[PDB]
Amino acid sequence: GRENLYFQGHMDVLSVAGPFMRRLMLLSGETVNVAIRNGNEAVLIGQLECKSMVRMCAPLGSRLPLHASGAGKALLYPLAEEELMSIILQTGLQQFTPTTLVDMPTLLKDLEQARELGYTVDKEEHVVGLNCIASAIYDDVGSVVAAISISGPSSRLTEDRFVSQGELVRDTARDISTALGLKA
């Protein structure tokens, strides 16, 4: 079912996300990605690149770590601690950069913060020089079905912009969730 990469629910998120991905790319100036959970990794299924020659440009289908990428963490923060414990038992907490979160308590502390703010921040935890800011997309029952993120060079998506961009990503995710809920 939803464990299939081509699951219709995933495609439904893509079908309504277009307009919002466009607005987010324009307002943030960075590449916008849509990821879903598959095989205990975050897989990029939608993307809209920004126009800058230097940017994030992983291909669709790229598989990202759930505990170390912004997109991955956005798929994790809505989950109950028991499910999180289950996932990590199987994936482990591979270190990708010098600051990756590789301990369960720090990871949980970070996800609790993202749940309070409605967005997560990945500051070079996956790829050196790449910051990712992401937020969960939810279905009619409040379950997380996907995540949207802006990803770009750490020198451009700087710390002084995390709050303004985080709120824009959260609002964007919120609108996608709403659009997904419409019966057209």
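For every residue, the number given is its place in the sequence shown, counted from 1.
query = Given the B-factors recorded for C-alpha atoms, which segment has the greater mean, 85-93 or 68-76?
reply = The entry gives the higher C-alpha B-factor average to 85-93.
task = Look over 130-138 and 41-49 in the entry and identify the one with the greater average Cα temperature factor.
result = If you average the C-alpha B-factors of 130-138 and of 41-49, the larger mean comes out for 41-49.
inquiry  = So if I compare the CA B-factors in the entry for 14, 163, 24, 173, which one is the largest?
reply    = If I rank 14, 163, 24, 173 by C-alpha B-factor, first place goes to 163.
ask   = Taking the C-alpha B-factors as the PDB entry records them, is residue 62 in the lowest, middle or highest third of its chain?
value = For residue 62, whose C-alpha B-factor we compare with every modelled residue in the chain, the answer is the highest third.
inquiry  = Ranking the modelled residues of this chain by C-alpha B-factor as given in the entry, is residue 116 in the lowest, middle or highest third?
reply    = Its C-alpha B-factor, which the entry lists for residue 116, ranks in the middle third among residues of this chain.
task = Using the B-factor values recorded in the entry, state whether the Cα atom of residue 30 falls in the lowest, middle or highest third among the modelled residues of its chain.
result = For residue 30, the deposited C-alpha B-factor lands in the lowest third.
ask   = If you rank the chain by CA B-factor, which third does residue 125 end up in: lowest, middle or highest?
value = Within its chain, residue 125 is a lowest-third residue by C-alpha B-factor, going by the deposited values.
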